[PDB]
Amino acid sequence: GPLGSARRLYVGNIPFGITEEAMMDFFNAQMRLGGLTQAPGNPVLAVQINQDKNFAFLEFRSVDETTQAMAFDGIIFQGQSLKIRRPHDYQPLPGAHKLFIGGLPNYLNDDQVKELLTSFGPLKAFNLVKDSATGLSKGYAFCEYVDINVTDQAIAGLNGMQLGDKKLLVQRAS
């Protein structure tokens, strides 16, 4: 997710009747022509087209090649100038919305702590920190939500929440 949206690009103003394979061939050819590939082979793994709203997403094999492809904004395909942008959920600062959850009762397991977090929406990452010697929870965890706009809702809802004997600390892990 955090690097997932870091490997896709929005493409607007696509030619009528274009196929996903044709778009893929075009962008791979352009990457090779521009000397923008960081390895042999094909930087674009997949494309998904919405015919009716005339846009597509490209999926790249690497974060650096995705960034390189931003240079193609305005490129001509079948006589039309393509609009190239980041996905709206692109994170320019990776990990900016990772949360630290502290003050967890030390008997709670992964699933139980997740059940607390997922009241606000699905998670893309979670881990509960445990003492590797004993397997015992150290009483803190980290997570990231699928929808990064839920992060501040979750902090507002959970930070300072009394959880039996303990008071939660929920903040950006930073």
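Note that residue numbering follows the sequence shown and begins at 1.
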Check the entry's C-alpha temperature factors for 15-23 and 159-167, then say which stretch has the higher mean.
159-167
For the stretches 93-101 and 80-88, which has the higher mean C-alpha B-factor as given in the deposited record?
93-101
Which one of 107, 60, 57, 142 shows the biggest C-alpha B-factor in the PDB entry?
107
Would you mind finding, among 66, 30, 112, 127, the residue with the largest C-alpha temperature factor in the entry?
112
Based on the entry's values, in what third of the chain does the Cα temperature factor of residue 133 lie: lowest, middle or highest?
highest
Sorting the chain's modelled residues by C-alpha B-factor, tell me whether residue 9 ends up in the lowest, middle or highest third.
lowest
B-factor third for the C-alpha atom of residue 44 within its chain
lowest
Of the three thirds of its chain by CA temperature factor, lowest, middle or highest, which one includes residue 123?
middle
C-alpha B factor of residue 146, ranked within the chain: lowest, middle or highest third?
highest
